[PDB]
There are 2 protein chains.
Amino acid sequence: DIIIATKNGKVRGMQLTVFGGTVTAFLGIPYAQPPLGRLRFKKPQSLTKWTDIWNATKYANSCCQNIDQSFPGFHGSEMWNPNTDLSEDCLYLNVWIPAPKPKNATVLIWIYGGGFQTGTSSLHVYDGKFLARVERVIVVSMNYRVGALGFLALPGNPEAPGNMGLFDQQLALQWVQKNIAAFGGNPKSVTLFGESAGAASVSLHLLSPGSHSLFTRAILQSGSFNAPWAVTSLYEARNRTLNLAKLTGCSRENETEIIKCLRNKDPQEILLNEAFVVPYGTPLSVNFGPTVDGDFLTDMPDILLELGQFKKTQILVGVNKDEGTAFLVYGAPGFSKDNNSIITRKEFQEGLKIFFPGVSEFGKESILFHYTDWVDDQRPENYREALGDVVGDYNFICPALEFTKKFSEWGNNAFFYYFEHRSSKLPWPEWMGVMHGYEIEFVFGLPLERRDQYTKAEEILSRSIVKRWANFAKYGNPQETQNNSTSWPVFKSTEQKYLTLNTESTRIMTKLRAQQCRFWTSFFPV
Amino acid sequence: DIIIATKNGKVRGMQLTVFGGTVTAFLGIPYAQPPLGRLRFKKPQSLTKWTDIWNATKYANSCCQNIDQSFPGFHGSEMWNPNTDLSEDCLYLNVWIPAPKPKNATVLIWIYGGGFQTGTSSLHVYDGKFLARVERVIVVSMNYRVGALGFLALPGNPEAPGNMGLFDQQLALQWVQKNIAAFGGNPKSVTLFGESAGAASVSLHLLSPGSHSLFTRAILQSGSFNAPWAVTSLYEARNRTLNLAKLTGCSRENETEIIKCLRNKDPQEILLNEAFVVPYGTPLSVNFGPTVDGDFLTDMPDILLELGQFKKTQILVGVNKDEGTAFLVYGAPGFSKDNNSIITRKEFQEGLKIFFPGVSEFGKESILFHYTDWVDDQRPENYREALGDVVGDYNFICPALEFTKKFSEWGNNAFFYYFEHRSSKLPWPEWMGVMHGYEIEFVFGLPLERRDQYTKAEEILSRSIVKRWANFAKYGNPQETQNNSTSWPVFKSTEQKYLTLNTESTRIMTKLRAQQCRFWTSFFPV
Ligand SMILES: *[C@@H]1O[C@H](CO[C@H]2O[C@@H](C)[C@@H](O)[C@@H](O)[C@@H]2O)[C@@H](O[C@@H]2O[C@H](CO)[C@@H](O)[C@H](O)[C@H]2NC(C)=O)[C@H](O)[C@H]1NC(C)=O
Ligand SMILES: *[C@@H]1O[C@H](CO[C@H]2O[C@@H](C)[C@@H](O)[C@@H](O)[C@@H]2O)[C@@H](O[C@@H]2O[C@H](CO)[C@@H](O)[C@H](O)[C@H]2NC(C)=O)[C@H](O)[C@H]1NC(C)=O
Ligand SMILES: *[C@@H]1O[C@H](CO[C@H]2O[C@@H](C)[C@@H](O)[C@@H](O)[C@@H]2O)[C@@H](O[C@@H]2O[C@H](CO)[C@@H](O)[C@H](O)[C@H]2NC(C)=O)[C@H](O)[C@H]1NC(C)=O
Ligand SMILES: *[C@@H]1O[C@H](CO[C@H]2O[C@@H](C)[C@@H](O)[C@@H](O)[C@@H]2O)[C@@H](O[C@@H]2O[C@H](CO)[C@@H](O)[C@H](O)[C@H]2NC(C)=O)[C@H](O)[C@H]1NC(C)=O
Ligand SMILES: *[C@@H]1O[C@H](CO[C@H]2O[C@@H](C)[C@@H](O)[C@@H](O)[C@@H]2O)[C@@H](O)[C@H](O)[C@H]1NC(C)=O
Ligand SMILES: *[C@@H]1O[C@H](CO[C@H]2O[C@@H](C)[C@@H](O)[C@@H](O)[C@@H]2O)[C@@H](O)[C@H](O)[C@H]1NC(C)=O
Ligand SMILES: *[C@@H]1O[C@H](CO)[C@@H](O)[C@H](O)[C@H]1NC(C)=O
Ligand SMILES: *[C@@H]1O[C@H](CO)[C@@H](O)[C@H](O)[C@H]1NC(C)=O
Ligand SMILES: *[C@@H]1O[C@H](CO)[C@@H](O)[C@H](O)[C@H]1NC(C)=O
Ligand SMILES: *[C@@H]1O[C@H](CO)[C@@H](O)[C@H](O)[C@H]1NC(C)=O
Ligand SMILES: *[C@@H]1O[C@H](CO)[C@@H](O)[C@H](O)[C@H]1NC(C)=O
Ligand SMILES: *[C@@H]1O[C@H](CO)[C@@H](O)[C@H](O)[C@H]1NC(C)=O
Ligand SMILES: [Cl-]
Ligand SMILES: [Cl-]
Ligand SMILES: [Cl-]
Ligand SMILES: [Cl-]
Ligand SMILES: [Cl-]
Ligand SMILES: [Cl-]
Ligand SMILES: [Cl-]
Ligand SMILES: [Cl-]
Ligand code: NA
């Protein structure tokens, strides 16, 4: 029986057998006051003693959020949907620790993605018992509020100041600072890791003065705050808060009255109107996201990055080979998970409209000009491939490269990976390739479990990735030093070296997407 | 009607329509006295005026040589067999010139491979009318003697001094020096290019003081003199000359009598006994090859290379992804062009015996240790792939890399390519991959001919390669400057950058086969 005394009370955990060993999991520990009633849309408030043995033996509620009902019954999409009840009372975190209890273990804190509109820490692909077992690190993960409830912003107004879900993540990081030594953890060796919006969140904790001392290093998988979906302008946020108000009959003349009104709405009426706060959306819409609130984020983060105002530490950054494909089946014409999606030039052009709402005509021709000079015009999957690359390069890959470039110019070691392995079990079709989100199960070690029907080459790839992530967290260097592995070079402006992750053998290459990102990065920002 | 006056007489050529343009081909011009009778096994003797209009309107005889009868009826092998009559009277060359006649065109001189035992300039994949048409270079190619008739060596004895076939190539290069201005060529801009044994020959003309002033630059495709098959020791040559003598009842006590006796044998009795001058051969045997004769080759060429004694100029060097596969079907157990050749560990070991005759047991275990640590032992094509890589890395790839490394250390620009495109028309099976010999048709431009059933991506690849080879020859720099192409970096010890050639897009990479060649290059030379 395992009871740990925390600053706020005792917690009981549960033992887990993993790979003939034991991990202790403390699932669903609370880290803030439930943000209900009068606390809705406010910054999370600190938690007071229970006393009391809190039983942390199951995952807690996930935060309220719309769910993906596009493919009912389909594992590829439904695997991302919440797997605990939804509730505004969702501010909990999970701790997994090796057994026997470590002495001063390095801590890995996971921040989930989901567009800032969705996600939960209890997903199966985020289960941190493999990492704790195999690498003897402690893994922590937290639920933070998403959608309007986590990011609604009425700028400067503490009733809805914005970034609440980023302040939830932050209060979780404090909880680790204050409490993790009790579980056997080293609060001085804490690495944040996150994917997509979770990565973008990691990148903003790098810029946030209040997070500076809550962690040591950072890992960004498929995301960074400079991605075009990751920060809402003050203009847009205002328009959106008011549009939500209007749609819920909460329009007022006094803004504090708007918020008061919205605090009376049911979680569901808020969720139902989120999608419409915007005249046209895309499959990549982030209606309620991070904003420059003067608190968490003191200035437009592009200025902070350019001028070197951020936590000085090592970063590990990466992307997958086919980032953009996943999104094309949520609204691009001619695209289906259920056929090979060979689309036409005219369809490609219609797709640009779906993904680039407006976007001058000249803007959209320019994408077309850049991506459709074939070599050569023979290949029927030409336009289908091009639309996926457009969406991935713009939304994920070039913004990750440009973040890494700018961060490293201030003197810190940065490591960049290009993940190019398609899981043998991917439920999505072949044409979608190495999709967004599908490195995650490799990082968390799921392929280490033989009972699971991954290939042997995949077990070995995962084992290597886990070692590299763990050495990065413990030592700031993502090497696998024992098995004559390719040495991972730092990424510098100038050479821009990166490491490819695949089952055959990993290469050092240079200047990923050079020609493409010159387009997105220099020209497109029409 | 096109008549050119040469130092030795007039020659008439013939007009050819190529790609809606015209090339003039002068096929089968003689360049030495026929080396018959008393001239057999001797250095080629210069040619005296005919006078006389020599009609150069068809390919000449190929030199005597054994033929590959392993796959009668099969295009994959028979495409390499001679396509003109065999005859000791085979010392002719071919010239292709653009029309209209150029003013001072760069010259490309092709030296064929065939293990020094076979080959001919009249093969269809060596037809230089596409190059002349498309790049307005002049292409020259020569037949030189092969087998015992070209390389028999009784060291120091001018009746059989060795390297005769290398002196045939050399006298052809002089002929270009003396005569090519008459066809519109610049004798000051001459590039040699060659594949396999033809490349090895190019690399020895780089070391040969008598070739120094007969050319400007060099291209080596899949071969270099330091390959383990490319130079015969004086010991071996002596043993082999005597074994041949013995086998033809030509043994004598006086060595000049041996040669005199052999000069009385019929071409055929010599050819028939070549294969046996050696106790055990391999599919890569070179029974009669270059030797250190004190004339063409003044010292063991490994010493010349190490100590920087060679023509100081630019080189272009490359290899194909699957060099070693072609050879495995000529005697490795379990291998067939007619099935997927999945062999077993025990078969793999038997293969090493075929390819490494002797070769201590420890020598052969060491190859096995280096090439059979799988990742992982699951894959059934494991051993089949490993044997091909063993044979390619040892015989072609590492010796080409080590040549390039050592040549470049003395201060010259060198460019290295890794050719990784499998021809859409390859007649050999899929498991054999990107085979030895199959870049050649791309270099000569055959895919530029649409009537020919190559894909569009292959036309474009070939067009690019032709431009790069031509710019190398004309300007010492293998760039394709017009179509936003990847820039080809020089190869330096230290970074060892190389360019990949494939239909999708070409990459700059580093340290090809690093771990493998450390084995062949440092350790194996057991
Ligand atoms: C700020 O909002 C308006 C959209 O007004 C919205 O009303 C909301 C309650 C919601 O239902 C939403 O769907 C609706 O559009 C944006 O201007 C809109 O542009 C289109 C173009 O025809 C009009 O049809 C909309 O009605 C029009 N607004 C109106 C009704 O006046 C505006 O773009 C947006 N500003 C942004 C994009 O930041
Ligand atoms: C691949 O499928 C897409 C997706 O739309 C279809 O899904 C299919 C599996 C099928 O059940 C079909 O009924 C369903 O609508 C096809 O795109 C569609 O093309 C059809 C053919 O006319 C149009 O009617 C639809 O407007 C269009 N769907 C939309 C709204 O995007 C696509 O044609 C198909 N392409 C192939 C097989 O290459
Ligand atoms: C030099 O040659 C001998 C081989 O003697 C050869 O006689 C030739 C005419 C030819 O027919 C050839 O096939 C025959 O071998 C090499 O030594 C040989 O090694 C084997 C081992 O058992 C014996 O069976 C051979 O007969 C033996 N030579 C003899 C007959 O005395 C020798 O290796 C070779 N030297 C090299 C390799 O350079
Ligand atoms: C692939 O074929 C090889 C090559 O040998 C065979 O060629 C086949 C296409 C067939 O016509 C066969 O008759 C011919 O001998 C096979 O290797 C052979 O394996 C057979 C099976 O017993 C042996 O009897 C032979 O000794 C051996 N051939 C030699 C001398 O190398 C091989 O087994 C086959 N493998 C497959 C299908 O994976
Ligand atoms: C635990 O170690 C503390 C220092 O941690 C450093 O060492 C590594 C863990 C590294 O990753 C860095 O994060 C840190 O700088 C030390 O001060 C504590 O006293 C230790 N606590 C124990 C053992 O109780
Ligand atoms: C032909 O050019 C001669 C010099 O050739 C140089 O220029 C390039 C062709 C280059 O590749 C180098 O090989 C040479 O250094 C010049 O001396 C001759 O006079 C020219 N002959 C003519 C035009 O009749
Ligand atoms: C809390 O849960 C544990 C584990 O299931 C159980 O053994 C324990 O009795 C519980 N305590 C109470 C009564 O909350
Ligand atoms: C807006 O209304 C709120 C309701 O409490 C009040 O506190 C605030 O002072 C008002 N301000 C004005 C005058 O707009
Ligand atoms: C190293 O390789 C061994 C087997 O040779 C494997 O079992 C082990 O898990 C590997 N270690 C890492 C961290 O990759
Ligand atoms: C040489 O061959 C040409 C081309 O076929 C022919 O026209 C010419 O008359 C020939 N001259 C002689 C008689 O050798
Ligand atoms: C070897 O025989 C040849 C035959 O002409 C002769 O020239 C040479 O002098 C002889 N040398 C001796 C004595 O071995
Ligand atoms: C350049 O590309 C064009 C078409 O854009 C092609 O027709 C031409 O042959 C190319 N030139 C070379 C040398 O590759
Ligand atoms: Cl899963
Ligand atoms: Cl158009
Ligand atoms: Cl094409
Ligand atoms: Cl790229
Ligand atoms: Cl052919
Ligand atoms: Cl064994
Ligand atoms: Cl395997
Ligand atoms: Cl390699
Ligand atoms: Na432009």
Side-chain angles (χ1 to χ4, degrees), chain B residues 1-18 21-36 44-64 82-112 119-145 168-187 190 192-193 198 214 444-445:
Chain B
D1 193 9
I2 349 51
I3 278 93
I4 299 289
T6 87
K7 295 276 138 32
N8 303 272
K10 288 175 159 206
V11 311
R12 159 186 289 111
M14 84 200 210
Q15 303 280 123
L16 305 176
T17 295
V18 198
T22 299
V23 169
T24 319
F26 292 81
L27 302 193
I29 311 178
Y31 69 88
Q33 279 168 29
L36 310 161
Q45 314 288 321
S46 77
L47 191 50
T48 205
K49 319 189 133 210
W50 66 82
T51 78
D52 258 302
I53 283 197
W54 178 292
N55 277 349
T57 37
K58 60 172 163 61
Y59 286 122
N61 302 337
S62 300
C63 299
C64 299
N83 59 343
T84 63
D85 289 82
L86 308 192
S87 162
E88 296 190 82
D89 173 6
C90 61
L91 300 185
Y92 306 80
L93 56 75
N94 310 299
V95 182
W96 286 268
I97 83 179
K101 194 186 187 227
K103 286 258 176 16
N104 203 40
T106 275
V107 186
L108 277 176
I109 308 188
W110 175 253
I111 307 175
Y112 55 74
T120 182
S121 63
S122 40
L123 303 197
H124 168 60
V125 293
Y126 313 153
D127 192 338
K129 71 183 188 208
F130 311 105
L131 280 165
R133 173 67 175 91
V134 172
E135 292 294 325
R136 313 278 313 175
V137 290
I138 290 177
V139 183
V140 172
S141 68
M142 89 287 289
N143 301 345
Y144 64 88
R145 294 174 270 177
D168 298 340
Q169 302 170 13
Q170 196 177 256
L171 188 52
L173 310 192
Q174 308 194 348
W175 181 101
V176 173
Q177 284 307 291
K178 303 178 168 92
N179 296 290
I180 208 81
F183 299 71
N186 188 0
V190 168
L192 313 179
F193 69 139
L214 309 186
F444 277 89

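Every chain is numbered from 1, with letters handed out A, B, ... down the list of sequences. All values below were derived from every heavy atom in this structure, side-chain atoms included, with hydrogens, water molecules and symmetry-related copies excluded.
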### Message
With side-chain contact (heavy atoms from CB on, under 4.5 Å) as the criterion, how do B:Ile138 and B:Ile180 come out once you've worked through the C-alpha distance, each side chain's angles and the decisive distance to 0.1 Å?
### Response
CA-CA 9 Å; B:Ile138 290 177; B:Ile180 208 81; 3.9 Å; yes
### Query
Taking it one step at a time, do B:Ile109 and B:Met142 satisfy side-chain contact (heavy atoms from CB on, under 4.5 Å)?
CA-CA 8 Å; B:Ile109 308 188; B:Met142 89 287 289; 3.7 Å; yes
### B:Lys58/B:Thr84 under side-chain contact (heavy atoms from CB on, under 4.5 Å): CA gap, chis, key distance, verdict
CA-CA 10 Å; B:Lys58 60 172 163 61; B:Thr84 63; over 6 Å; no
### Task
Check the pair B:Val107, B:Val176 against side-chain contact (heavy atoms from CB on, under 4.5 Å), reporting the backbone distance first and the verdict last.
CA-CA 9 Å; B:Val107 186; B:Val176 173; 4.2 Å; yes
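Qualifying side-chain hydrogen bond (donor to acceptor under 3.5 Å, both in side chains) partners for B:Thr6, counting only residues two or more places apart in sequence or in other chains: none. In this structure, the side-chain hydrogen bond (donor to acceptor under 3.5 Å, both in side chains) partners of B:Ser121, at least two apart in sequence or on a different chain, are B:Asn94, B:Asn143. Residues meeting the ring-ring contact (aromatic ring centres under 6.0 Å, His included) test with B:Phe26, sequence neighbours left out: B:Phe183. For B:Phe130, the ring-ring contact (aromatic ring centres under 6.0 Å, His included) criterion is met by B:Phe19, not counting sequence neighbours. Residues satisfying the ring-ring contact (aromatic ring centres under 6.0 Å, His included) test with B:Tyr59, not counting sequence neighbours, are none. A search for side-chain contact (heavy atoms from CB on, under 4.5 Å) contacts involving B:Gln177 returns B:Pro187, B:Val190, B:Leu214, not counting sequence neighbours. In terms of the side-chain hydrogen bond (donor to acceptor under 3.5 Å, both in side chains) criterion, B:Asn104 has no residue partners (sequence neighbours excluded). A search for salt bridge (charged side-chain N to carboxylate O under 4.0 Å, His left out) contacts involving B:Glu135 returns B:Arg463, B:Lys467, B:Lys474, not counting sequence neighbours. Listed by chain and residue number, nothing satisfies the salt bridge (charged side-chain N to carboxylate O under 4.0 Å, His left out) test with B:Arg133 (two or more places apart in sequence, or in another chain). Applying the side-chain contact (heavy atoms from CB on, under 4.5 Å) criterion to B:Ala60, with sequence neighbours excluded, gives B:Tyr92. Scanning for side-chain hydrogen bond (donor to acceptor under 3.5 Å, both in side chains) contacts around B:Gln45 gives an empty result, with sequence neighbours left out. For the salt bridge (charged side-chain N to carboxylate O under 4.0 Å, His left out) test, residues two or more places apart in sequence or in another chain that qualify with B:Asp1 are B:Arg12.
For the pairing with B:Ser122, the side-chain hydrogen bond (donor to acceptor under 3.5 Å, both in side chains) check across B:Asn61, B:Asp127, B:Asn83 returns one residue only, B:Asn83. Among B:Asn179, B:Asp168, B:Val140, the single residue meeting the side-chain contact (heavy atoms from CB on, under 4.5 Å) criterion with B:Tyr31 is B:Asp168.
The two residues B:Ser87 and B:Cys90 have their closest heavy-atom pair at O-CB, 3.3 Å. The two residues B:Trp50 and B:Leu47 make their nearest non-hydrogen contact at CZ3-CD2, 4.0 Å. Closest heavy-atom contact between B:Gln15 and B:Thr24: OE1-OG1, 3.0 Å. Taking all atoms of both residues into account, the shortest heavy-atom contact from B:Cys64 to B:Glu88 is SG-N, 3.6 Å. Minimum interatomic distance between B:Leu36 and B:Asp89 (heavy atoms only, all atoms of both residues): CD2-N, 4.0 Å. Nearest heavy atom pair, residue B:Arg136 against residue B:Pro100, reads NH2-O, 2.9 Å.
Proximity of B:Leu93 to B:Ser141: side-chain heavy atoms (C-beta onward) are nowhere separated by under 4.5 Å. With contacts defined as side-chain heavy-atom distances shorter than 4.5 Å, the pair B:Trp96/B:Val18 does not qualify. Here the side chains of B:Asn8 and B:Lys178 are not in contact, with every heavy-atom distance at 4.5 Å or above. A heavy-atom distance below 4.5 Å is found between the side chains of B:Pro35 and B:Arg145. At a threshold of 4.5 Å between non-hydrogen side-chain atoms, the residues B:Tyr144 and B:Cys63 do not count as touching.
Distance check, rounded to the nearest 0.5 Å: NZ of B:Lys129 to CG of B:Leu27 gives 9.5 Å. Atoms CG and OG1, on B:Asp85 and B:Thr120 in that order, are 11.0 Å from each other to the nearest 0.5 Å. Remark: B:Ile4 CD1 to B:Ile29 CD1 distance equals 9.5 Å, nearest 0.5 Å.
The aromatic ring centroids of B:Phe193 and B:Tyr126 lie 6.0 Å or more from each other.
In the displayed structure, B:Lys10 atom NZ is contacted under 6.0 Å by at most 12 heavy atoms of other residues, nucleotides or ligands.
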